[PDB]
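Structure 1 and structure 2, given next as structure tokens, are two forms of the same protein chain, each shown alone.
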Structure 1
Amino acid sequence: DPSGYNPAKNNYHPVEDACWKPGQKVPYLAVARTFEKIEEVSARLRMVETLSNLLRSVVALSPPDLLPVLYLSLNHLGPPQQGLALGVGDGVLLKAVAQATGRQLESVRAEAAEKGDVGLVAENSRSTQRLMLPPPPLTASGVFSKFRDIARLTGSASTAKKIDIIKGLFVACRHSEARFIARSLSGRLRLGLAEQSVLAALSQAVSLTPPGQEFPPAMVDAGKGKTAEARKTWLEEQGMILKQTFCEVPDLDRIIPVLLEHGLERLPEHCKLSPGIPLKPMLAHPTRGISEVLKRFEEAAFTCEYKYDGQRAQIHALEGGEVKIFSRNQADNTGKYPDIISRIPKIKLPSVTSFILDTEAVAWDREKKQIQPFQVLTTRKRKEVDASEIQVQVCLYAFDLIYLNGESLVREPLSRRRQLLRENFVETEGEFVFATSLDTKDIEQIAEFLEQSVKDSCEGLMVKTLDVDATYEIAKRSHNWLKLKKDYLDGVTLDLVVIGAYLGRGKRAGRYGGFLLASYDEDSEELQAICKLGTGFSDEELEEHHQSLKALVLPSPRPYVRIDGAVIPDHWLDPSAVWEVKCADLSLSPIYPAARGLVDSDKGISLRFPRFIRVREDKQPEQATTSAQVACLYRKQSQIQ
């Protein structure tokens, strides 16, 4: 019985401790009870084992339902390159919850804000939907199919059609199913388990309970014959095989069929890196300064590169001539860059048949022959058929080569990948350029190069080793690079007034999760909202922010507080607290009124990546950073005149 399913018990038997018969569809309550056991605990090992127990039962009893259960665990709809999106957020969901309970929409919205969780609202509310006959229980594949049905709905009256499907799921929910149906649509499962733990649990499940066995399975626990130490290293090796394959082919529609037909040990023999299938890109860890860089990379030659402020572009050229371009998150952006497709013959040598390039697409002004800010790049359309219609040109800055002429370079050091990149590809100014580099170990040279990058309209420097641990194997370390930005360094900020608070969600439920900040306009003697603040404080600081600021809650805002298009705070705060806030950039804002009219007639100024530093107990709202000072900091930037 799925109501009593406990995948966290000791000595879990994949066949007898499951809550469904062989060949039957996996009930969605089995996935929900698994979610309950996973979110209760905080150790990833315990969460992996709990999920692994569910997956073993799916492997042994209902193999066809392995894919939907995995996607439900990841809260995804399919492969990232397929570009499926629900089209449902908190807006559609709370409306579906309201129509299914007869409550006012504003009441359901207010309760979801107080509890910081929409699933709790969908669970503690009473249904007003009446059915002549009881509905069949939800299944894992059925619930997954309805999710994809929602994502396929487009056109006029499609919103109401989405809500009907959501109402149909709610009317069939049992126990904790409504809570997790709502969380999945809201995109906040609050599990504590994501992609890495799902992969770890998958490899552990197919290793302990091998797929493809005739029922009843003879091998239900392949680790019982091994010592704890032997069991540990074996599962770790098997986990790396799956993780290394998934990083090169993040497509469960491809891995799972191969996994079920040929096992995990033979998986790299079928799923291999190849152009046309996006791969997980290499990421970077922050570094607080140059001294920290020489410590993390001490005793290893490294290179320094400009960190261009654009969008990543993973360019696949296939055997035959087909070109595809993928974002960092494996989204297919080929239709977005017809200008890049036309550029491919100009950048490669005649001996180049196929490749996978790692580049940064940057908005480029061909009149001034200079780099344009990130905001200009985002103004490009999402579908451009004719390249002549393109208004914002882009210049590609290449910095890595992952695949070349039928051969993978994942296991090659950076020094050789960079060697192959610069030998086999041709530069064209303003179109396709190699990233500005510097190979050195001196502190002063790196400091000058960092300052030269900021002057050249870049975020700072990327630091990458050349030979030691310098491969492109994300499964070994996905953040193998270092990023050194100007705003990372101590002493290289604004003092803003807290004018509002926002109820927190998930880990912030029950307290404040965000705050509305404001600068002081000297000319009008008003506080102008500049940005929201939601990170930088510790749990201890935020709990004390919740206790003291609750004493400054107002029914109505002060007449001298201006927020314009900003989100109205759940709790208006009497202006008193002043916080020191750091940001990466100042942007011209479409909503915030801070410093409006001082640099632009219509738009005020906001803060890119704002972060809480410390409380400014010495200053009152009258002494906060002025709006005029905000305008000065904005014009001081490179790309702003």
Structure 2
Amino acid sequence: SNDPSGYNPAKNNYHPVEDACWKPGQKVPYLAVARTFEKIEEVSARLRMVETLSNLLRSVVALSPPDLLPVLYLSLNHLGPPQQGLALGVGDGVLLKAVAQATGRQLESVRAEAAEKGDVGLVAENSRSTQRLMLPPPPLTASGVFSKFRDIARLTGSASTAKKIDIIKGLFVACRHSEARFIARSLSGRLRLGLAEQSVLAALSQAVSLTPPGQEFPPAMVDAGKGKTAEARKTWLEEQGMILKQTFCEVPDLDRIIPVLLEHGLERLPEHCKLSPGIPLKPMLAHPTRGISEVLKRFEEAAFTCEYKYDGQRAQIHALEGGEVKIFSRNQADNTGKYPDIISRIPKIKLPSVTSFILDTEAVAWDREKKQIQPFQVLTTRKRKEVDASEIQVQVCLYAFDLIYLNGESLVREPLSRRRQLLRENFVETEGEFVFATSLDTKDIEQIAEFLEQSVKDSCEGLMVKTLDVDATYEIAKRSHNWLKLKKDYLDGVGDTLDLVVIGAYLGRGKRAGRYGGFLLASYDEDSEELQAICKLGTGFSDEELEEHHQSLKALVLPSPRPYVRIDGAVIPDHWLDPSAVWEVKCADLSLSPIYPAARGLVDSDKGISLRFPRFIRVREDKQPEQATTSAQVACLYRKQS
């Protein structure tokens, strides 16, 4: 109704009409979204973030229903449904170049300031635009910005980058107040509100519950909870929240959900949006566990099963009523074109009485000559888009462990004991092509230990543990991490541990802004008496330990690298460090690296060795660089993985 600069979606007694900063039917100003982002990032309690976002959404619902879908995508920093594959194709380099041109500054200067500040958003908004005339263009709108993000993403092929930069410069030219900050963070893929998919869904269910869509204007019902006690209100909002969450888990597509929501309302939503083959769904996830004893603590007395945890890529296989077959990744991306070989074997895995299904499987590289699982790295050499069956060279075996839908029946609310039985009886195993995950039903600690040892001997990461009947459904909305993963490298006394030298530091971004966010590490090659970069490291240390690292490594900063340090193709550190600090580092496995020089020539002529899932464990004050893990030791640890 006035100036969006003063918009406060965090105010007390927020009124969706009277406190909006735009008029009924008007397009939602982008500045309204930006001020909402400001108020969100100012707080740390999710519940406060959700109310703030809910207030904006209620104003959108009340005043400008068509902008709901854009505003939600801007809030998630998504371009659309994950199975459609839209991607910006920008990257820091392009974004920074656009900021340079827009502000008429040198690229190197913008790059150095972004790194120093740990944030592109502040650089893009604390500098004015040269192309801007005396008369600014019209103010940006939420849907307008979203459509421009989509335009950027749809630009492909030769000469597309320059067209992308033009759109980005136009946006920065039209920005006001804090707008440029959130445009830039969105384009860089680092919106970092502290609020994401789960909080957005909560704000959306809260908003449509309190301010129903479909009302004649002016809406008679602006706050549908005002007539309820505080406790009844909270119970009601939690129930409505679960209706939305469970539907979205089954159909994580806002293009489908939002129109239904505006037309029929939330309570009728499940009737219109149901789980079905051909629509990807959210997969069930797992929590790590320390050991067998913790497994018994979380599962108490409930019977459970242990399954090999195969080291491949999750594949959600959909067989539609009528024959069509789709395959999706754990992030709902369409991998159908990547697996022509699997699509052709579907008739061979399902009994003829199966008319439709959704299977939960692990695609694993398989050596047909040796009849043996192959490592995850081999699997990754497969082509991704538009693959022809004849050209496949790395074969895949599917390891199936769950069944989510069969013959028209959703199994989401059924216990695993029944889902597994339907999987085992209606599908056919073929060695090297499609098999059921090796499993063990027991409560005996001794058997479980031997079974965990055996899973590793059989080329697996460890064990997956799942209840059979108690809280054993596939309802992600109730618990997304219902399963437990047990790997050996989670244990304190098990796993490959290395002592590596810190040779560089990278300036932190976001939460790490103003300090180091990552470090470059090296092993010691005793033949050439050089330090060879082996991996980067950015997790495992607490906020306190990280502040100590910054204090302790600041005397070691060097203007130039030492001659006996070799990094080859690794990212050049922002700060070179005199080799001195030695840290203990844990990884899940060692891999052959196309960029790191550590141990190059000892296991492969061209490739050195790096670490899979590295994490900081502790400082090794009792170790000098000469006593750090050697490149020969690295090579020996890699060979031991057979």
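Take the two forms, superpose them, and find the largest set of C-alpha atoms that agree within 1.5 Å; that set is the rigid core. Only residues modelled in both forms are compared. Throughout, residue numbering runs from 1 along the sequence of structure 1.
With the two forms fitted on the rigid core, I'd like to know which residue in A300, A110, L349, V385 is displaced by 2 angstroms or more at its CA between structure 1 and structure 2.
If I go through the list carefully, the shifting residue is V385.
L133: after superposing the rigid core, is there a C-alpha shift of 2 Å or more between structure 1 and structure 2?
Comparing forms between structure 1 and structure 2, the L133 CA shifts at least 2 Å.
After superposition on the rigid core, what is the displacement of the C-alpha atom of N124 between structure 1 and structure 2, in Å?
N124 is displaced by 1.3 Å at its C-alpha.
Rigid core fit between structure 1 and structure 2: Cα deviation of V15 in angstrom:
Displacement of the C-alpha, rigid core superposed: 0.5 Å.
Moved residue ranges in sequence order between structure 1 and structure 2, Cα 2 Å or more, at least 3 long, core fit
Runs found: 130 to 134, 383 to 386, listed by sequence.
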